[PDB]
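K.L.:
quick one, what's the 3D model for this:
(chains A and B, ligands or ions: 10)
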2 protein chains.
Amino acid sequence: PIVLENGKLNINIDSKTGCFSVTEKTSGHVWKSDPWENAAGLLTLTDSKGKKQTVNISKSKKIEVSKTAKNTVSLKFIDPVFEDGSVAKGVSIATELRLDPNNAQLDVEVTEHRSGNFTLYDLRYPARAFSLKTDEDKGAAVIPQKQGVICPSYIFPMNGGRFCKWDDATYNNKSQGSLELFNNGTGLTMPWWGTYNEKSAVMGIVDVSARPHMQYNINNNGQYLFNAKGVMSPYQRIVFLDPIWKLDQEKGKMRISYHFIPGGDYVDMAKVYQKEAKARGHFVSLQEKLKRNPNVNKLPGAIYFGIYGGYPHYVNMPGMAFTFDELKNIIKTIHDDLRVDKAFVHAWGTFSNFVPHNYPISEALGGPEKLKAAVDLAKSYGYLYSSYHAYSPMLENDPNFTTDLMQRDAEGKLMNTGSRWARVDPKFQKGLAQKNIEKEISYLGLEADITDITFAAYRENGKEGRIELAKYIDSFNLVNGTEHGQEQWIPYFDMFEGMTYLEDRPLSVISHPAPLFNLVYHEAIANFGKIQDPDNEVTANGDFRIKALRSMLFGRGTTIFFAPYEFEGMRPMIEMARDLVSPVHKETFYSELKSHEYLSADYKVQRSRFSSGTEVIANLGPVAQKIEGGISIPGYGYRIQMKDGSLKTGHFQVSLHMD
Amino acid sequence: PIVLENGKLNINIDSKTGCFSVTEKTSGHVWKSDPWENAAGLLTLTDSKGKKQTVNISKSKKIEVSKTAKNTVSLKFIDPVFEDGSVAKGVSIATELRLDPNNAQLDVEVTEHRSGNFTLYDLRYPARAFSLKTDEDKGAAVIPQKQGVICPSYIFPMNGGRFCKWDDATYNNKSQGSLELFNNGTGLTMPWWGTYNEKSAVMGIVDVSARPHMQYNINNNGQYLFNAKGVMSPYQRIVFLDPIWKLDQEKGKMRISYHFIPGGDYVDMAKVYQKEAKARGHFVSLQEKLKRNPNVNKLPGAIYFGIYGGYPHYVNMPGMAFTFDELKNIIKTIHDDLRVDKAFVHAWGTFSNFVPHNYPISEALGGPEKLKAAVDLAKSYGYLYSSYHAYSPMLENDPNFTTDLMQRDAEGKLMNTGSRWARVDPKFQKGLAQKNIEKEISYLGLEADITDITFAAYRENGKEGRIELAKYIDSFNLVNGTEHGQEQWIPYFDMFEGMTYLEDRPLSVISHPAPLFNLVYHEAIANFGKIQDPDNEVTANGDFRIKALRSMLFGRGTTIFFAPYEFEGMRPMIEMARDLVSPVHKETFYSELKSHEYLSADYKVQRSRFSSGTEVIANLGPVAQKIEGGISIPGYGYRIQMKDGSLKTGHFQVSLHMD
Ligand SMILES: O[C@@H]1[C@@H]2OC[C@H]1OC[C@@H]2O
Ligand SMILES: O[C@@H]1[C@@H]2OC[C@H]1OC[C@@H]2O
Ligand SMILES: [Cl-]
Ligand SMILES: [Cl-]
Ligand SMILES: [Cl-]
Ligand SMILES: [Cl-]
Ligand code: NA
Ligand code: NA
Ligand code: NA
Ligand code: NA
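P.N.:
Numbers count the residues shown, from 1 in each chain, chains lettered A, B, ... in the order given. Ligands and ions are numbered 1, 2, ... in the order given. What follows is the structure:
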């Protein structure tokens, strides 16, 4: 067995299979290779008949493992063997394992692949590596799915209903699949993932040029590999996360950089990636943004209000649209009656054309002067204001609809026929914004802007047009936000609307929310709840009690998103956000989220520490629970140490008012 | 054009295509044939290269349509044509339209199909019939998905976040797909569906011998049919529900019976099927069951308590399992401190072997005498009691695991390798129950029983074994319940745990819960909330405020499902359920749910009337709303007229206590 070793790590590479283990020498923990099949990698390719098959590349006809430098092992997998005994002659995979001379870091790279007369697709490499043994290792997989989750590697006490769904998912297909990088759906928002137990942690950072997918397996024994054969899996329940290199489309460097952290967990992983985020240029702190624009300080302690008038979906929809006088009175009530000191007012429905023509200010809703009177009132309060804007949609029900600004593929067919909100080719979107945004800014004296959709993901197609639009919006130096966001867009915005959680998502029944994105980026980008899942709606992600406490733990601001007719029903939640969340949000806004901890066995009691000197403890479950020192945290309760030495304690209560 | 007609309906059949329209003569409403492509049916079959294609059968080379009787038209679709111009020579579909001589009822049957050298799969017939025009018809599709939903045929005011998800889903693939009959997942619980506008309603009742699937299209314009071609759909947004006949599988009579109801809605549809439900033998009333077993009267006004000790998933799991003394103390507190007058106590974890060996009573938890003391205490309060039982599982972590009791398919492969809870062949399950259930009944003096899993669905395979087990359990004449249930099992049980809603489900963002199953069966089967989604958990289906109010509207009982460590957190919800839901559940338990109404434009205010004389009005949204006569229903509030004429009004409040 070929060995790479420095002071912190030892890489044990098998000469016959190419599998490797990693001994983390400070703790002594050994990361084993594939526990199921001893597979260095899993390669999906066509056979002689043309059918797709997945093969174990350690079963290849020739395997060359040679120590090639002081700290480099080169591997070559030549002529894989199919299930029927036939050979994929002329197919080869070349890889490299490169140990850092000093640090506990191992680069893994697929350097070459040859197809011969076959077609290569997915390669899991390394396969089923860095796994945790279910109910023996007491740790978790760490997955930055949107704001982020952890997936414990062992069964633990929890509500009986949750428990049944949790355990069942680890035995069926809910616990296996793949996610993609940098989308606003089910996918990841940072190019890393990891696993840890009580002794040691490992996380892998994907090369900036590459777009692998991430395979997950959360305590599943691999029964999904045997269902079609109708036999029982012979494998052990394990947790692993694998890169999936898309060999049929990947043009970048197929490299992942593994970092090994004695005693680390998801916090330590996030702080490792934070260094790489700064080196990649994503990290532009809110302090620098405030130096450039003093109005950024209107955001700490601000509640984000979305007044949804049925727009952009419909123009002046009866029963949904607000007039500008109605908008002005909502603003006045929020300040004068509800005593809200700071706010971002976002008015969905101020123009009489459909997006992407964000003009004119609608005559039917009252006209420009009445809109200016509403914005002027908000500004007199120190509130931020923006209309709803989007430059990406092309809507069927728009009388101005045309396919002119839509993109066509190489066969001349329209793209995004299935995504009505993202149909305008990004190379046109700056031009569309230029039609009226400067006129609205100067007429209303705008201090703020929110632009929706265009920056919710970071895909390659159209990226140049999106950067052009981001640079243009940024040149105005407004306090500005965008829907969802991604790390690549952080330099151009002050806040992201979202970057929290989908309601229905893979892993939802077998994961806990963890503030992974904010552990990296809280100093750099402010985030608020998503308008589809606001703090006033009861969803899979919780009611107001749960969402307000999670807001303070994770460091995001409150989102109240409502149709006008709902407004009277919003008042109690606005008041509670005002009294509880707003002061914590304000104090912690610019700070680093230094640490996050789960303090109860059911993961419902949690503790977050911010570099402003603020400590948030909250209990997101119904029963009181004790933490160290015998302190009790009430159900749906909190214990918050503020910078000024005050201790905020309390809890939410649901009461029945029988007349 | 060929005409079938009686005093109520006129059927116009096109001789060129086989499409037909139905005029309801009293209202002038015309139900149209396929508005998109004028297809009588859509047939999926292999071509001469063996690739599956879907064809419009009205494009067949030879279409024959003629009156073969006074009220029968026979149709023959001969030699379908593919899109490339080639003919599926020797394929034929024969159908019949049979008008009832007196009633507004049309039977539609696929009587014959020939495949030649081709293979036939799905047949949508009739294709895209009985549709509603989106934003013109103001009605809904009616779908008995579990407890049931309606899908409105127009856009209407609602919370802005809900609105965005709603409208967006009608444009993408979330609004098209198919469901199956009689499962405990995403599917239907009654063999009917329908559509209605403000003028008239139509529903189709599937023949008892057939198992079609149901295709849905909820306000979608068919863009899903054109995305692969990269063109914009030229069709209009419509609502339709189609039977999918599985020609490759179906052995029953492929008949659907359409009933046309002037001025009807989902309530009238349910009452039409209720007559058929009785004719089919499903309907055995709770009054009959009470006559046979007076202990049935321990259910009205009872809270269903599931004490979840980590079983059947684990045996004596630390941190989850309760001792029998702890169980006894929970029963005492519920009665003495929480003053719960009636209850069903369901203890998950009383045996020291894994299911399906439901024995012996665990010595580690205290042994038989201490369990008997807990059960004796419950009986002294008049409470019902059952342990957790299941005879269907075969679990990987059971030391007694064997594939000997599992079922194999025609190829000899194990079935249900991916469904650990339903692996034992039903033909073995009565014998597994016989091993100890009579000894538990005799030793504990049991009055009740709940058996899980086996009766949650109604599939053809294994049904003889399940019927055998159901008869055996029913022969004990205990007050008995089972997980989820289906209509076919109603004669054998007194209560169903479930028959509510999945949390994640197709159509969830474009439908409203409606009590369709209980509008049929409330007199015949009691139902309670599902243990995965109990009234103490905050989920996609609501918090305690929403679930308690929906409980009273739909006529279901309270479910409190908890791990023992949560108990102290359950107290406020047990109290509010006791004060509000339990007296209404008690009064309405045996009655017919005569009617259900949506009273507000956002469908959140609702009114239910029970044949006990009880009226429930509730507001499941945050804002107060006015109904007829200017009466105001507070957000999360109610207005209940009891049988004795007294009025109850009130509302839930969420408060923030700050020390
Ligand atoms: O997990 C399920 C749950 O416990 C075992 C499974 O079946 C019966 C209950 O629904
Ligand atoms: O529905 C969406 C919603 O309004 C248009 C869509 O994109 C921006 C907002 O998320
Ligand atoms: Cl875009
Ligand atoms: Cl959050
Ligand atoms: Cl079964
Ligand atoms: Cl319900
Ligand atoms: Na999956
Ligand atoms: Na800015
Ligand atoms: Na779908
Ligand atoms: Na019974």
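K.L.:
residue A:60 and residue B:574: what is the separation?
P.N.:
Applying C-beta to C-beta, to the nearest Å, the value for residue A:60 to residue B:574 is 63 Å. Yep, even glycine has a C-beta here, placed from its N, CA and C like the rest.
K.L.:
helix, strand or coil for the closest residue to ligand 1 within chain A?
P.N.:
Residue of chain A nearest ligand 1, by C-beta to the nearest ligand atom: residue A:164 (3.8 Å). Following DSSP: H, G, I helix; E, B strand; the rest coil, residue A:164 is assigned to helix.
K.L.:
so it touches residue B:532, yeah?
P.N.:
Yes. Contact between residue A:164 and residue B:532 holds when scored by C-beta atoms under 8 Å: they sit 5.8 Å apart.
K.L.:
hmm, stretch A:167-184 in reach of chain B?
P.N.:
Yes. Applying C-beta under 8 Å from any C-beta of the partner chain, one finds that stretch A:167-184 is in contact with chain B at A:167, A:168, A:171, A:172, A:173.
K.L.:
which of the residues you listed has the most neighbours?
P.N.:
Greatest neighbour count in those, by other C-beta atoms under 10 Å in any protein chain shown, goes to residue A:171: 22 neighbours.
K.L.:
please name the nearest non-neighbouring residue to that residue.
P.N.:
Residue nearest to residue A:171 in three dimensions, not counting chain neighbours: residue B:420, with 5.4 Å by C-beta to C-beta, 6 or more residues apart in numbering or on different chains.
K.L.:
repeat for residue A:476
P.N.:
The shortest distance from residue A:476 to any non-neighbouring residue, by C-beta to C-beta, 6+ apart, is to residue A:441 (6.5 Å).
K.L.:
confirm that that neighbour sits in a strand.
P.N.:
No. Looking at residue A:441 with three-state DSSP, it is helix, so not inside a strand.
K.L.:
is it true that it touches residue A:477?
P.N.:
No. Using C-beta under 8 Å, residue A:441 is not in contact with residue A:477, being 10.7 Å away.
K.L.:
so which of those two has more stuff around it?
P.N.:
For residue A:441 versus residue A:477, neighbours defined as other C-beta under 10 Å are more numerous around residue A:441 (15 against 12).
K.L.:
got the contact list for the spatially most central residue of chain A?
P.N.:
When C-alpha atoms, centre = their mean is applied to chain A, the residue found nearest the centroid is residue A:146 (1.6 Å). Contacts of residue A:146 were listed using C-beta atoms under 8 Å, 6 or more residues apart in numbering or on different chains, and they are A:187, A:189, A:498, A:499, A:500, A:501, A:502, A:505, A:517.
K.L.:
ok, now with 6 Å
P.N.:
By C-beta atoms under 6 Å, 6 or more residues apart in numbering or on different chains, residue A:146 lies in contact with A:189, A:501.
K.L.:
need phi/psi at it.
P.N.:
phi 50, psi -120 (degrees, to the nearest 10).
K.L.:
mind checking how far it is from residue A:418?
P.N.:
Taken as C-beta to C-beta, the span from residue A:146 to residue A:418 is 22 Å.
K.L.:
checking the closest residue to residue A:654 other than its chain neighbours next. Helix, strand or coil?
P.N.:
Excluding the flanking residues, the one nearest residue A:654 by C-beta to C-beta, 6+ apart is residue B:654, at 5.6 Å. Assigned with three-state DSSP, residue B:654 falls in the strand class.
K.L.:
burial check on residue B:654, number of neighbours?
P.N.:
Around residue B:654 there are 19 residues (other C-beta under 10 Å).
K.L.:
count the neighbours of the residue lying closest to residue A:428 once chain neighbours are set aside for me.
P.N.:
Distances taken as C-beta to C-beta, 6+ apart place residue A:405 nearest to residue A:428, at 5.0 Å, with adjacent residues excluded. Residues lying near residue A:405 (other C-beta under 10 Å) number 17.
K.L.:
cool, residue A:227 as well?
P.N.:
Neighbours of residue A:227 using other C-beta under 10 Å come to 18.
K.L.:
go on, residue A:251?
P.N.:
For residue A:251, using other C-beta under 10 Å, the count is 10.
K.L.:
do you know how far residue A:50 is from residue B:333?
P.N.:
For residue A:50, the distance to residue B:333 - C-beta to C-beta - is 67 Å.
K.L.:
out of those two, which sits in the busier spot?
P.N.:
The neighbour comparison of residue A:50 against residue B:333 (other C-beta under 10 Å) goes to residue B:333, with 16 against 8.
K.L.:
packing partners of the helix or strand hosting that one?
P.N.:
Element membership for residue B:333 (DSSP states H and E) is helix B:324-336. Secondary structure elements in contact with helix B:324-336, counted by 3 or more C-beta pairs under 6 Å, 6 or more residues apart in numbering or on different chains; DSSP states H and E, are helix B:368-380.
K.L.:
other SSEs contacting the helix it packs on?
P.N.:
Counting by 3+ C-beta pairs under 6 Å, 6+ apart, helix B:368-380 packs on helix B:324-336.
K.L.:
the closest residue to residue A:422 other than its chain neighbours - how many residues pack around it?
P.N.:
Using C-beta to C-beta, 6+ apart and skipping residues adjacent in sequence, the residue nearest residue A:422 is residue A:392, 4.8 Å away. Neighbour count of residue A:392, defined by other C-beta under 10 Å: 28.
K.L.:
my read: residue A:392 touches residue A:452, true?
P.N.:
No. Counting by C-beta atoms under 6 Å, residue A:392 stays clear of residue A:452, with 8.1 Å between them.
K.L.:
give me the residue from chain A nearest ligand 9.
P.N.:
Closest contact between chain A and ligand 9, by C-beta to the ion, is at residue A:418 (11.8 Å).
K.L.:
in stretch A:14-21, what counts as buried?
P.N.:
A:14, A:17, A:18, A:19, A:20, A:21 (16 or more other C-beta atoms under 10 Å in any protein chain shown).
K.L.:
so which of those residues belong to helices?
P.N.:
Using DSSP state H, no member of the buried residues of stretch A:14-21 falls in helices.
K.L.:
which of those fall within strands?
P.N.:
A:20, A:21 (DSSP state E).
K.L.:
next up, the contacts around residue A:653.
P.N.:
The neighbourhood of residue A:653, defined by C-beta under 6 Å, 6+ apart, consists of B:655, B:657.
K.L.:
likewise for residue A:596?
P.N.:
With the criterion set at C-beta under 6 Å, 6+ apart, residue A:596 makes contact with A:515, A:608.
K.L.:
related to what we said a few turns ago, just the ones in helices from the residues of stretch A:167-184 next to chain B, please.
P.N.:
Short answer: the residues of stretch A:167-184 next to chain B in helices (DSSP H) are A:167, A:168.
K.L.:
closest one of the residues of stretch A:167-184 next to chain B to residue B:347?
P.N.:
residue A:167 (18.5 Å; C-beta to C-beta).
K.L.:
next, give phi and psi for the closest residue to the closest one other than its chain neighbours.
P.N.:
Leaving aside its sequence neighbours, residue A:167 sits nearest to residue B:313 (C-beta to C-beta, 6+ apart; 4.8 Å). Backbone torsions for residue B:313, taken as degrees, to the nearest 10, come to phi -70, psi -40.
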